[PDB]
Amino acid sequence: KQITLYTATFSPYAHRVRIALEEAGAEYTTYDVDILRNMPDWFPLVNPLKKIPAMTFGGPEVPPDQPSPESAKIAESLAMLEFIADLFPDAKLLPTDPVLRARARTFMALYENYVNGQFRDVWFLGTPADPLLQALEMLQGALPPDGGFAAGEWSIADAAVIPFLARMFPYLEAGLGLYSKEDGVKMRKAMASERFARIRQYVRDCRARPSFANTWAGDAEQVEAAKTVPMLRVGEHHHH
């Protein structure tokens, strides 16, 4: 059954699913959608929520811009990650041990419930960075301190999280986001300090896998794509 992923280069949520599809060894199509500036009028047929990513599964082979009513329509990136693990059990995208699987699910929930909203506050509103650094230290603490991925072996938990952490460093270097230069310097200094050595190792380890290289446009190219995001307000910063 065919897999089509509707994607966009700037989107960390879409990036999650591309990484998982690479790790699964899946056959799949990607189709870019200019969702924030010029959504195609047919896109609500694949996702009535009008969000990227969207996925179609099965149905007749059709061009991505002529989606079939017969394909299954799957929404929400984390549901897609679990779906890919279910479709490709031999790829071991989750552990088999229940406790190790729970480490993976807990890590995803920690990111979604405590970290992502802090990234949104800082990058979209320019609120103070300390709560974000606090949340990142908490997430770092859930990693195995001596090395490895969130659940030991690589799992969909790492697909869920690396798109956001990998964007953080080059976005900061570009000063992209509503935070002030002062908070930018503070974040860059903190993320380079020994306080965050472990999460730097995590980002390197995830980025070294082919699933990341094959789904990443390059730091400079990803920064340029992010500048097209309306809510990142390129050129704008809030102060105090």
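A residue's number is simply how far along the shown sequence it sits, counting from 1.
- Averaged over CA atoms, B-factors in the entry run higher in 228-236 than in the other of 14-22 and 228-236.
- Two stretches are in play, 54-62 and 204-212, and the higher mean C-alpha B-factor belongs to 54-62.
- Residue-level inspection of the entry shows that, of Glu112, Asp130, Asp158, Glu82, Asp130 has the top Cα B-factor.
- Ranked by Cα temperature factor within the chain, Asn116 sits in the lowest third according to the deposited record.
- In the deposited entry, the Cα temperature factor of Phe164 sits in the bottom third of values across the chain's modelled residues.
- Ranked by C-alpha B-factor against the other modelled residues of its chain, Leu125 falls in the highest third.
- Ranked against the other modelled residues of its chain, the C-alpha B-factor of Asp97 as given in the entry falls in the middle third.
- Among all modelled residues in its chain, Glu76 ranks in the lowest third by Cα B-factor.
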